[PDB]
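K.L.:
Per the deposited numbering, the sequence shown starts with residue 1, numbered consecutively.
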Amino acid sequence: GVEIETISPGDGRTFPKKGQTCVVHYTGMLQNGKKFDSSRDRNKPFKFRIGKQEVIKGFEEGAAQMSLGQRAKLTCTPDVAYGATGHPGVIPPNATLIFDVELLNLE
């Protein structure tokens, strides 16, 4: 499940398509716990493309429901991120994920 809660401003028309590369300042958060990832540290704003399953599913579908300039707030259920597996050492199994996401894309 993906549940968008948008911090408003953007344009409401510019949506990503297939094979397009988008620029995201993602900022993870575990529920009732501290951070686990950011791109604000590295200042390397994570140019990835759409439809190649490179990111996880819950992060991928939430970028499709955003526009240029928007600043969403994802909430990924465990079944679409790691919840049976668990990333070893960083994300425990059966974990709910939160993502502060800004989309200032190109293309």
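Backbone N, C-alpha and C define an ideal beta-carbon position, used for all residues, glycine too.
(1) Buried or exposed: which applies to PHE46, given that a residue is buried once 16 or more other Cβ atoms fall within 10 Å of its Cβ?
(2) In chain order, what residues of the same chain have a beta carbon less than 8 Å from the beta carbon of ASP11, not counting five sequence neighbours either side?
(3) Return the chain-ordered ranges of every beta strand (DSSP E) run that is complete within the segment 48-101 and spans a minimum of 3 residues.
(4) Leaving aside the five residues before and after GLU102 along the sequence, list all residues of the same chain whose C-beta is less than 6 Å from its C-beta, in chain order.
(5) Have a look at the DSSP bridge pairing and note the partners of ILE7.
(6) Please report the straight-line C-alpha distance between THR96 and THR85, rounded to a whole angstrom.
(7) If I measure Cβ to Cβ from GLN65 and keep anything under 6 Å in the same chain, skipping five residues before and after, which residues do I get?
P.N.:
Quick answer:
(1) Along the sequence shown, one-based indexing puts residue 46 at 46. Exposed, by the Cβ-count rule.
(2) If you number the sequence shown from 1, residue 11 lands on position 11. Closer than 8 Å at Cβ, skipping near neighbours: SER67, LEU68 and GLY69.
(3) Those beta strand (DSSP E) runs which fall completely within the segment 48-101 and span 3+ residues are 71-76.
(4) Here residue 102 refers to the residue found at position 102 when the sequence shown is read from its first residue. Hits under 6 Å: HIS25 and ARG71.
(5) The residue labelled residue 7 in the question sits at position 7 within the sequence shown. Partner(s): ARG71.
(6) The residue given as residue 96 occupies position 96 in the sequence shown. The residue given as residue 85 occupies position 85 in the sequence shown. Spanning the two alpha carbons is a distance of roughly 13 Å.
(7) As a working note, residue 65 is residue 65 in the sequence shown. Cβ neighbours of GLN65 beyond the five flanking positions: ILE4.
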